[PDB]
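Here's the structure, in structure tokens; my notes come after.
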Amino acid sequence: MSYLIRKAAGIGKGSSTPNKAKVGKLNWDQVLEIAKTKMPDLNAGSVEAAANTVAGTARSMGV
Amino acid sequence: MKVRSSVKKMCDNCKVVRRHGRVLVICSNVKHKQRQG
Amino acid sequence: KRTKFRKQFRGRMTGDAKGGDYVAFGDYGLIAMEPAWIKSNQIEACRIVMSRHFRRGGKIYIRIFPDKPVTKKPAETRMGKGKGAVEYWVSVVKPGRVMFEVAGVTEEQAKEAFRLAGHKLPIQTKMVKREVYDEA
Amino acid sequence: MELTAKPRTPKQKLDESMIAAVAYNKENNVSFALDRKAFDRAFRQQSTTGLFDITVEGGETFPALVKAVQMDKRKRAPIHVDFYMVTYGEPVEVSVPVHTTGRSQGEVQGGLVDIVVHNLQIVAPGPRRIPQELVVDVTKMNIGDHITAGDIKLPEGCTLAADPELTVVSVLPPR
RNA sequence: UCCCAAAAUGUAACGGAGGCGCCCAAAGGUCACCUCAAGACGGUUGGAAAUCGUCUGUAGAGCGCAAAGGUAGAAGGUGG
RNA sequence: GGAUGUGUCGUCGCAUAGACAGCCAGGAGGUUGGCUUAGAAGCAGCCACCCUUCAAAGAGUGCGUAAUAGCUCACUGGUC
Ligand SMILES: [Mg+2]
Ligand SMILES: [Mg+2]
Ligand SMILES: [Mg+2]
Ligand SMILES: [Mg+2]
């Protein structure tokens with residue numbers, strides 16, 4: 001899903017030090033299209049159960 | 001068979017076996033066969 | 001490591017520990033159980049290994065500066081007076097003396113640094129914890 | 001801590017598990033002698049900011065507060081301890097240590113949180129209400145932020161002792 | 001003269017530092033009289049020190065030279 | 001310096017509300033984390049150690065390959 005984030009937020013690369021300097025910030029609207037295209041690749045529950053999954057990745061990516 | 005006066009653990013398979021007045025260590029890994037004698 | 005300007009020469013003698021607490025400037029520390037002399041290069045070695053083990057931190061406290069000039073044997077003979085003006089300096093260490101202390105790292109991350117330094121000391125040592133509160 | 005005999009000769013103390021202790025205030029100054037284990041179990045908790053019930057052999061419960069301990073060298077086991085019988089209004093000044101709760105905003109960034117002074121002595125602790133700990137905010141700190149005793153909340157009814165501009169905690173830079 | 005010298009004194013070594021082989025018609029005698037170094041504040045050929053003034057100041061100065069002891073009620077500095 | 005050699009005191013935690021070792025069985029979906037590099041996806045180093053489902057599975061210990069794989073451990077249940 002990192003590709004989709006590197007496109008939506010327009011990220012050239014990322015961040016070597018996510019603890020110091022970050023990259024950017026998006027919105028939840030750009031997350032709905034992520035849990036809608038990659039459905040079979042997620043066995044979550046409903047709504048929030050799939051909204052907190054992706055948010056996780058982003059958290060350590062630098063968003 | 002590496003003779004070391006200081007035999008200590010190096011993994012989680014090393015087992016110290018006291019023999020006839022001698023310090024030996026058994027292990028699945030044959031590179032971990034240390035012995036004071 | 002070495003002093004910046006002193007007198008020159010000295011003597012030699014060991015009495016019981018005097019001014020070494022347990023917990024000073026940090027959480028964990030390392031003490032002597034044996035009375036000896038600590039060459040400066042030994043300190044340097046300790047400090048350095050400790051640095052290797054602690055990539056970032058710089059919270060290594062070393063309060064045992066070497067203030068003892070030791071002489072040395074030029075070549076041979078014995079005709080002539082005070083020899084070897086500059087050989088090395090020492091830091092007398094008596095049991096109870098706190099040589100090294102560090103803070104910030106976990107439990108396992110102290111046994112390691114300490115354990116290593118310890119293989120560079122001419123005497124046994126031990127690691128302690130906080131529990132003593134004398135003067136503050 | 002059930003206190004028993006209390007002589008002056010440590011002949012029947014060194015052998016057994018007993019530690020020589022004393023207590024005073026302003027009136028009586030009779031020397032005691034408490035158990036090793038009992039103390040090593042109790043001083044671990046209340047430390048120097050908490051009194052404990054001290055019943056002397058016969059039926060004499062006298063409340064006291066630990067003041068100065070003279071532990072032994074070469075060993076971790078103490079050898080002498082000084083007690084202070086708390087009065088009621090204004091006893092002696094007690095030393096209260098400084099803990100730290102919550103992750104700082106400078107530890108994440110790369111720096112480290114460093115307490116410059118562990119123990120901090122204040123004025124007029126107030127009996128029955130002695131501060132056993134001290135909670136100081138650390139999250140408000142960043143990089144190079146200095147927090148003095150003018151920034152530490154008072155446990156209500158307690159005034160400071162050290163200079164107002166003394167650095168208690170400071171977040172040092174990495175390396 | 002210190003240190004070694006291990007608290008009377010004394011005590012060695014090709015042990016550890018540093019001085020003397022002088023000087024002063026005044027630096028003597030006596031009688032009077034004055035009080036230092038240093039920092040801060042503020043001032044003009046200064047902008048480190050100093051010259052001045054007001055405070056603080058058991059002397060952190062001085063005593064011809066080396067050092068220790070000693071010295072503020074002087075063995076510090078001047079005059080008849 | 002090193003070690004299940006023994007004897008004797010003590011500091012921490014785990015109890016049939018069924019450990020621990022062993023055995024049988026399962027082991028992630030996000031994910032091929034971000035970053036740096038020809039490449040390094042638990043396992044060179046910089047960073048974190050967030051989320052969900054669940055009786056439950058730490059982006060994680062060792063061995064490995066040019067990276068992949070695989071073989072396991074933490075954890076869960078059952079049989080004594
Ligand atoms: Mg001797
Ligand atoms: Mg004498
Ligand atoms: Mg004598
Ligand atoms: Mg003689």
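Chains: A, B, ... in order of the structure tokens. Residues: from 1 per chain. Ligands: from 1, in order shown.
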query: Hey, what's within 8 Å of region 55-70 of chain F if we count only C-alpha atoms (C1' of nucleotides) and toss same-chain stuff fewer than 2 positions away? As a list in words, please?
result: residues 11 and 12 of chain B; 27, 28, 31, 33, 39, 40, 42, 49, 73, 74, 75, 76 and 77 of chain F
task: Give the residues of chain C that lie within 12 Å of chain F; count only C-alpha atoms (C1' of nucleotides), and format the answer as a PyMOL selection string.
output: chain C and resi 55-56+118-120+122-124
task: Compute the set of protein, DNA and RNA residues whose minimum atom distance to ligand 1 is at most 9 Å, using only C-alpha atoms (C1' of nucleotides) and all ligand atoms, and state it as a ChimeraX atom specification.
output: /C:12-15
Hey, can you spit out that residue selection with C-alpha atoms as a compact mmCIF listing (two decimals), in the first residue's frame?
# COMPACT_ATOMS: atom_id res chain seq x y z
CA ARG C 12 53.30 4.54 46.93
CA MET C 13 50.80 3.22 49.51
CA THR C 14 47.31 1.70 49.87
CA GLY C 15 44.71 2.23 52.61
field: Selection as a ChimeraX atom specification: residues within 8 Å of ligand 2 by only C-alpha atoms (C1' of nucleotides) and all ligand atoms
entry: /E:5,7-10
Once you have the residues from the selection above, write them out as a PDB file, in the first residue's frame, restricted to C-alpha atoms (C1' of nucleotides).
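After the write, again-v7.pdb holds the following:
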ATOM      1  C1'   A E   5      61.701  11.994  59.003  1.00  0.00           C
ATOM      2  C1'   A E   7      53.561  13.805  65.430  1.00  0.00           C
ATOM      3  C1'   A E   8      60.469  15.422  71.385  1.00  0.00           C
ATOM      4  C1'   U E   9      65.156  15.664  69.305  1.00  0.00           C
ATOM      5  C1'   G E  10      67.804  13.042  65.772  1.00  0.00           C
TER       6        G E  10
END
- request: Write out as a PyMOL selection string the residues lying within 10 Å of region 70-76 of chain C, counting only C-alpha atoms (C1' of nucleotides) and excluding same-chain residues fewer than 4 positions away.
  value: chain C and resi 8-12+39+82-90
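Counting only C-alpha atoms (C1' of nucleotides), the residue from E:78, E:58, E:1, E:45 that sits nearest to residue 20 (chain E) is E:1.
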Selection within 12 Å of ligand 4 by only C-alpha atoms (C1' of nucleotides) and all ligand atoms, output as a list in words: residues 10, 11, 12 and 13 of chain E
Those selected residues, please, written with N, CA and C atoms (P, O5', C5', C4', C3', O3' and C1' of nucleotides) and delivered as a PDB file, in the first residue's frame.
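Listing of out.pdb after writing:
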ATOM      1  P     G E  10      65.622  17.674  64.932  1.00  0.00           P
ATOM      2  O5'   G E  10      66.675  16.493  64.794  1.00  0.00           O
ATOM      3  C5'   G E  10      67.966  16.571  65.385  1.00  0.00           C
ATOM      4  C4'   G E  10      68.623  15.211  65.428  1.00  0.00           C
ATOM      5  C3'   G E  10      68.683  14.470  64.101  1.00  0.00           C
ATOM      6  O3'   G E  10      69.826  14.814  63.349  1.00  0.00           O
ATOM      7  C1'   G E  10      67.804  13.042  65.772  1.00  0.00           C
ATOM      8  P     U E  11      69.753  14.957  61.758  1.00  0.00           P
ATOM      9  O5'   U E  11      69.553  13.467  61.275  1.00  0.00           O
ATOM     10  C5'   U E  11      70.644  12.580  61.195  1.00  0.00           C
ATOM     11  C4'   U E  11      70.159  11.177  61.014  1.00  0.00           C
ATOM     12  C3'   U E  11      69.464  10.893  59.698  1.00  0.00           C
ATOM     13  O3'   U E  11      70.384  10.617  58.651  1.00  0.00           O
ATOM     14  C1'   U E  11      68.166  10.041  61.486  1.00  0.00           C
ATOM     15  P     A E  12      70.885  11.792  57.670  1.00  0.00           P
ATOM     16  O5'   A E  12      71.768  11.010  56.591  1.00  0.00           O
ATOM     17  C5'   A E  12      72.584   9.903  56.959  1.00  0.00           C
ATOM     18  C4'   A E  12      72.442   8.749  55.985  1.00  0.00           C
ATOM     19  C3'   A E  12      72.371   9.112  54.499  1.00  0.00           C
ATOM     20  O3'   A E  12      73.652   9.286  53.924  1.00  0.00           O
ATOM     21  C1'   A E  12      70.658   7.565  55.042  1.00  0.00           C
ATOM     22  P     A E  13      73.884  10.310  52.715  1.00  0.00           P
ATOM     23  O5'   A E  13      73.346   9.502  51.466  1.00  0.00           O
ATOM     24  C5'   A E  13      73.951   8.278  51.101  1.00  0.00           C
ATOM     25  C4'   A E  13      73.124   7.548  50.089  1.00  0.00           C
ATOM     26  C3'   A E  13      72.702   8.356  48.878  1.00  0.00           C
ATOM     27  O3'   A E  13      73.726   8.428  47.901  1.00  0.00           O
ATOM     28  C1'   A E  13      70.862   7.121  49.721  1.00  0.00           C
TER      29        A E  13
END
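Residues in contact with residue 7 (chain C) at up to 12 Å, not including ones fewer than 3 positions away on its chain and judged by only C-alpha atoms (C1' of nucleotides), are residues 3, 4, 10, 67, 68, 69, 85 and 86 of chain C; 16 and 17 of chain E.
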query: Hey, what's within 10 Å of residue 53 (chain F) if we count only C-alpha atoms (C1' of nucleotides) and toss same-chain stuff fewer than 5 positions away? As a PyMOL selection string, please?
result: (chain A and resi 43-45+49) or (chain F and resi 29)
query: Leaving out residue 117 (chain D) and any residue of its chain fewer than 2 positions from it, which residues lie within 8 Å of it when counting only C-alpha atoms (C1' of nucleotides), given as a list in words?
result: residues 98, 115, 119, 120, 167, 168 and 169 of chain D
